[PDB]
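**Student:** Sharing target35.cif, mmCIF, C-alpha atoms:
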data_query
#
loop_
_atom_site.group_PDB
_atom_site.id
_atom_site.type_symbol
_atom_site.label_atom_id
_atom_site.label_comp_id
_atom_site.auth_asym_id
_atom_site.auth_seq_id
_atom_site.Cartn_x
_atom_site.Cartn_y
_atom_site.Cartn_z
ATOM 1 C CA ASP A 31 20.057 10.270 -1.258
ATOM 2 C CA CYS A 32 17.289 7.966 -0.063
ATOM 3 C CA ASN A 33 14.971 9.314 -2.769
ATOM 4 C CA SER A 34 17.534 8.115 -5.306
ATOM 5 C CA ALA A 35 18.640 5.199 -3.104
ATOM 6 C CA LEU A 36 15.135 3.712 -3.221
ATOM 7 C CA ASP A 37 15.329 2.510 -6.825
ATOM 8 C CA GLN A 38 18.099 -0.094 -6.610
ATOM 9 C CA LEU A 39 16.251 -1.538 -3.627
ATOM 10 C CA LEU A 40 12.914 -1.687 -5.441
ATOM 11 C CA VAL A 41 14.532 -3.448 -8.411
ATOM 12 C CA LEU A 42 14.914 -6.876 -6.796
ATOM 13 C CA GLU A 43 11.163 -6.769 -6.088
ATOM 14 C CA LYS A 44 10.929 -8.016 -9.700
ATOM 15 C CA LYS A 45 10.712 -11.621 -8.493
ATOM 16 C CA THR A 46 10.229 -13.912 -5.492
ATOM 17 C CA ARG A 47 12.319 -17.025 -4.806
ATOM 18 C CA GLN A 48 13.570 -17.636 -1.271
ATOM 19 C CA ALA A 49 12.506 -16.294 2.115
ATOM 20 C CA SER A 50 15.144 -13.615 1.506
ATOM 21 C CA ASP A 51 12.626 -12.259 -1.011
ATOM 22 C CA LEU A 52 9.970 -12.053 1.725
ATOM 23 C CA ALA A 53 12.543 -10.431 4.014
ATOM 24 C CA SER A 54 13.342 -8.100 1.138
ATOM 25 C CA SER A 55 9.561 -7.700 0.946
ATOM 26 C CA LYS A 56 9.452 -6.763 4.628
ATOM 27 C CA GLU A 57 12.323 -4.271 4.578
ATOM 28 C CA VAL A 58 11.757 -2.767 1.121
ATOM 29 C CA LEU A 59 7.984 -2.552 1.502
ATOM 30 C CA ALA A 60 8.485 -0.840 4.865
ATOM 31 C CA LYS A 61 10.984 1.713 3.558
ATOM 32 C CA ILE A 62 8.919 2.511 0.476
ATOM 33 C CA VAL A 63 5.968 3.144 2.760
ATOM 34 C CA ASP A 64 8.310 5.024 5.086
ATOM 35 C CA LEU A 65 9.549 7.339 2.342
ATOM 36 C CA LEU A 66 5.915 8.236 1.819
ATOM 37 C CA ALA A 67 5.434 9.237 5.463
ATOM 38 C CA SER A 68 8.232 11.807 5.814
ATOM 39 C CA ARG A 69 7.163 14.213 3.052
ATOM 40 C CA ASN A 70 3.764 12.954 1.913
ATOM 41 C CA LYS A 71 5.546 10.900 -0.753
ATOM 42 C CA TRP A 72 2.900 8.223 -0.185
ATOM 43 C CA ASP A 73 0.943 9.554 -3.161
ATOM 44 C CA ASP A 74 3.595 7.793 -5.206
ATOM 45 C CA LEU A 75 3.132 4.934 -2.779
ATOM 46 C CA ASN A 76 -0.567 4.613 -3.527
ATOM 47 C CA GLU A 77 0.458 4.854 -7.183
ATOM 48 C CA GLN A 78 3.648 2.987 -6.488
ATOM 49 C CA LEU A 79 1.469 0.259 -4.987
ATOM 50 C CA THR A 80 -0.825 0.161 -7.976
ATOM 51 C CA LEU A 81 2.237 -0.354 -10.158
ATOM 52 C CA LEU A 82 3.452 -2.911 -7.639
ATOM 53 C CA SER A 83 -0.071 -4.210 -7.395
ATOM 54 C CA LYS A 84 -0.132 -4.339 -11.190
ATOM 55 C CA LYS A 85 2.881 -6.639 -10.778
ATOM 56 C CA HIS A 86 0.486 -9.225 -9.302
ATOM 57 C CA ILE A 93 1.472 -12.080 -1.792
ATOM 58 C CA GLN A 94 -1.826 -10.806 -0.397
ATOM 59 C CA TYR A 95 -1.027 -10.837 3.329
ATOM 60 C CA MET A 96 2.318 -9.253 2.516
ATOM 61 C CA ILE A 97 0.241 -6.390 1.102
ATOM 62 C CA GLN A 98 -2.267 -6.339 3.985
ATOM 63 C CA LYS A 99 0.171 -4.714 6.396
ATOM 64 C CA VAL A 100 1.513 -2.264 3.834
ATOM 65 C CA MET A 101 -1.979 -1.052 2.991
ATOM 66 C CA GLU A 102 -2.748 -0.916 6.734
ATOM 67 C CA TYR A 103 -0.628 2.218 7.029
ATOM 68 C CA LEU A 104 -3.390 4.402 5.544
ATOM 69 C CA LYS A 105 -4.527 6.132 8.726
ATOM 70 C CA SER A 106 -1.847 4.606 10.922
ATOM 71 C CA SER A 107 0.209 7.611 9.836
ATOM 72 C CA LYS A 108 -1.766 9.722 7.345
ATOM 73 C CA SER A 109 -0.972 13.421 6.900
ATOM 74 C CA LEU A 110 -4.118 14.431 4.988
ATOM 75 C CA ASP A 111 -7.681 13.093 5.074
ATOM 76 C CA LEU A 112 -8.540 14.330 1.567
ATOM 77 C CA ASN A 113 -5.632 12.437 0.036
ATOM 78 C CA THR A 114 -6.775 9.278 1.788
ATOM 79 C CA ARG A 115 -10.265 9.336 0.288
ATOM 80 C CA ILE A 116 -9.299 8.867 -3.350
ATOM 81 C CA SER A 117 -6.279 6.698 -2.534
ATOM 82 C CA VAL A 118 -8.328 4.248 -0.479
ATOM 83 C CA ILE A 119 -11.009 4.409 -3.182
ATOM 84 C CA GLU A 120 -8.265 3.112 -5.434
ATOM 85 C CA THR A 121 -7.229 0.409 -2.962
ATOM 86 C CA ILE A 122 -10.717 -1.058 -2.605
ATOM 87 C CA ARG A 123 -11.195 -0.245 -6.305
ATOM 88 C CA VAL A 124 -8.324 -2.584 -7.126
ATOM 89 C CA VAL A 125 -9.130 -5.233 -4.506
ATOM 90 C CA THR A 126 -12.796 -5.689 -5.516
ATOM 91 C CA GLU A 127 -12.312 -8.372 -8.140
ATOM 92 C CA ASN A 128 -11.097 -11.596 -6.556
ATOM 93 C CA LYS A 129 -13.767 -11.482 -3.804
ATOM 94 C CA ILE A 130 -11.429 -13.320 -1.422
ATOM 95 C CA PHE A 131 -10.746 -10.064 0.431
ATOM 96 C CA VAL A 132 -12.957 -8.024 2.787
ATOM 97 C CA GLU A 133 -11.845 -10.698 5.288
ATOM 98 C CA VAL A 134 -11.047 -8.127 7.970
ATOM 99 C CA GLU A 135 -8.823 -5.278 6.824
ATOM 100 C CA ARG A 136 -10.638 -4.065 3.709
ATOM 101 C CA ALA A 137 -13.972 -3.935 5.505
ATOM 102 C CA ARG A 138 -12.505 -2.092 8.498
ATOM 103 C CA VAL A 139 -11.035 0.462 6.122
ATOM 104 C CA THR A 140 -14.454 0.729 4.480
ATOM 105 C CA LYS A 141 -15.955 1.830 7.785
ATOM 106 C CA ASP A 142 -13.247 4.461 8.152
ATOM 107 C CA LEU A 143 -13.143 5.356 4.470
ATOM 108 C CA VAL A 144 -16.886 5.657 3.899
ATOM 109 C CA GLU A 145 -17.978 7.448 7.063
ATOM 110 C CA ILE A 146 -14.853 9.512 7.775
ATOM 111 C CA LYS A 147 -14.196 10.518 4.167
ATOM 112 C CA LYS A 148 -17.453 12.446 3.781
ATOM 113 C CA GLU A 149 -19.803 12.060 6.796
#
Take the structure in this file and express it as structure tokens.
**Tutor:**
Amino acid sequence: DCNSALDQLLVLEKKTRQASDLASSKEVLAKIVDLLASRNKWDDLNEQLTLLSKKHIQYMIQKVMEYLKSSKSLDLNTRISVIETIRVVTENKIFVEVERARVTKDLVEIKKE
């Protein structure tokens, strides 16, 4: 059911008003990430994120992109996905603060070595 039950939860992500939208951001952005973890559904999640990232809450996204190797089933999948995460986060130049750089260590050296 949860695979179908995810949609009506992701809908209200369409906008941000009160702190109930950042609590909805917490819970929904954790479950979406969570759905990815159980059956390697995160591929959608990288893609899901790009769609969601196309919708643009930077530090709201910092934690959700943190999950890369926190709980990653396959190393190969991570390479190109992370390549897409840095790939998308290049532009504004505000990032690389901590988290992007520390996933560039991991991504660059671990991905290929």
**Student:** What does the distance from CA of residue 111 in chain A to CA of residue 147 in chain A come to in Å, to one decimal?
**Tutor:**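 Distance between the two atoms: 7.1 Å.
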**Student:** Pull the neighbourhood of (12.6, 6.9, -3.9) for me: all residues within 9 Å in file coordinates, counting all atoms listed in the file, as a PDB file with C-alpha atoms, keeping the file's coordinate frame.
**Tutor:**
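And here's out-v7.pdb as it stands now:
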ATOM      1  CA  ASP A  31      20.057  10.270  -1.258  1.00  0.00           C
ATOM      2  CA  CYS A  32      17.289   7.966  -0.063  1.00  0.00           C
ATOM      3  CA  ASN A  33      14.971   9.314  -2.769  1.00  0.00           C
ATOM      4  CA  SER A  34      17.534   8.115  -5.306  1.00  0.00           C
ATOM      5  CA  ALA A  35      18.640   5.199  -3.104  1.00  0.00           C
ATOM      6  CA  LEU A  36      15.135   3.712  -3.221  1.00  0.00           C
ATOM      7  CA  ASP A  37      15.329   2.510  -6.825  1.00  0.00           C
ATOM      8  CA  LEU A  40      12.914  -1.687  -5.441  1.00  0.00           C
ATOM      9  CA  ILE A  62       8.919   2.511   0.476  1.00  0.00           C
ATOM     10  CA  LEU A  65       9.549   7.339   2.342  1.00  0.00           C
ATOM     11  CA  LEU A  66       5.915   8.236   1.819  1.00  0.00           C
ATOM     12  CA  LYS A  71       5.546  10.900  -0.753  1.00  0.00           C
TER      13      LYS A  71
END
**Student:** Could you state which residues are captured by the PyMOL selection byres ((chain A and resi 107) around 12) in this file, as a PyMOL selection string?
**Tutor:** chain A and resi 63-70+72+100-106+108-111+114
**Student:** Would you place a box with edges along x, y and z of the file around all atoms of range 113-117 of chain A listed there, add 6 Å to each of its six sides, and report the centre and edge lengths in Å to one decimal, as AutoDock Vina command-line options?
**Tutor:**
--center_x -7.9 --center_y 9.6 --center_z -0.8 --size_x 16.6 --size_y 17.7 --size_z 17.1
**Student:** Can you pull out the residues contacting residue 118 in chain A? Cut-off 10 Å, using all atoms listed in the file, and skip same-chain residues under 4 positions away; I want them as a PyMOL selection string.
**Tutor:** chain A and resi 76+101+104+113-114+122-124+136+139-140+142-144+147
**Student:** Could you state which residues are captured by the PyMOL selection byres ((chain A and resi 43) around 9) in this file, as a PyMOL selection string?
**Tutor:** chain A and resi 39-42+44-46+51+54-55+58+82
**Student:** Output C-alpha atoms of each residue in that selection to a file, as a PDB file, keeping the file's coordinate frame.
**Tutor:**
ATOM      1  CA  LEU A  39      16.251  -1.538  -3.627  1.00  0.00           C
ATOM      2  CA  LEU A  40      12.914  -1.687  -5.441  1.00  0.00           C
ATOM      3  CA  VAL A  41      14.532  -3.448  -8.411  1.00  0.00           C
ATOM      4  CA  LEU A  42      14.914  -6.876  -6.796  1.00  0.00           C
ATOM      5  CA  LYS A  44      10.929  -8.016  -9.700  1.00  0.00           C
ATOM      6  CA  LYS A  45      10.712 -11.621  -8.493  1.00  0.00           C
ATOM      7  CA  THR A  46      10.229 -13.912  -5.492  1.00  0.00           C
ATOM      8  CA  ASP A  51      12.626 -12.259  -1.011  1.00  0.00           C
ATOM      9  CA  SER A  54      13.342  -8.100   1.138  1.00  0.00           C
ATOM     10  CA  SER A  55       9.561  -7.700   0.946  1.00  0.00           C
ATOM     11  CA  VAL A  58      11.757  -2.767   1.121  1.00  0.00           C
ATOM     12  CA  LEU A  82       3.452  -2.911  -7.639  1.00  0.00           C
TER      13      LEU A  82
END
**Student:** Report the distance between CA of residue 116 in chain A and CA of residue 132 in chain A in Å, rounded to one decimal place.
**Tutor:**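 Interatomic distance, CA of residue 116 in chain A to CA of residue 132 in chain A: 18.3 Å.
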**Student:** Using the chain letters and residue numbers of this document, give as a list in words the residues selected by the PyMOL selection byres ((chain A and resi 96) around 10).
**Tutor:**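 Those residues are residues 52, 55, 56, 59, 93, 94, 95, 97, 98, 99, 100 and 101 of chain A.
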**Student:** Keeping only C-alpha atoms, write the selected residues as a PDB file, keeping the file's coordinate frame.
**Tutor:**
ATOM      1  CA  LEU A  52       9.970 -12.053   1.725  1.00  0.00           C
ATOM      2  CA  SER A  55       9.561  -7.700   0.946  1.00  0.00           C
ATOM      3  CA  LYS A  56       9.452  -6.763   4.628  1.00  0.00           C
ATOM      4  CA  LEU A  59       7.984  -2.552   1.502  1.00  0.00           C
ATOM      5  CA  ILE A  93       1.472 -12.080  -1.792  1.00  0.00           C
ATOM      6  CA  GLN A  94      -1.826 -10.806  -0.397  1.00  0.00           C
ATOM      7  CA  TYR A  95      -1.027 -10.837   3.329  1.00  0.00           C
ATOM      8  CA  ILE A  97       0.241  -6.390   1.102  1.00  0.00           C
ATOM      9  CA  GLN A  98      -2.267  -6.339   3.985  1.00  0.00           C
ATOM     10  CA  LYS A  99       0.171  -4.714   6.396  1.00  0.00           C
ATOM     11  CA  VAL A 100       1.513  -2.264   3.834  1.00  0.00           C
ATOM     12  CA  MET A 101      -1.979  -1.052   2.991  1.00  0.00           C
TER      13      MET A 101
END
**Student:** Between CA of residue 49 in chain A and CA of residue 61 in chain A, measure the distance and give it in Å to one decimal.
**Tutor:**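 Here the two named atoms are 18.1 Å from each other.
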**Student:** Return the single residue from A:57, A:112, A:120, A:47 that is closest to residue 80 in chain A, with distances computed using all atoms listed in the file.
**Tutor:** A:120
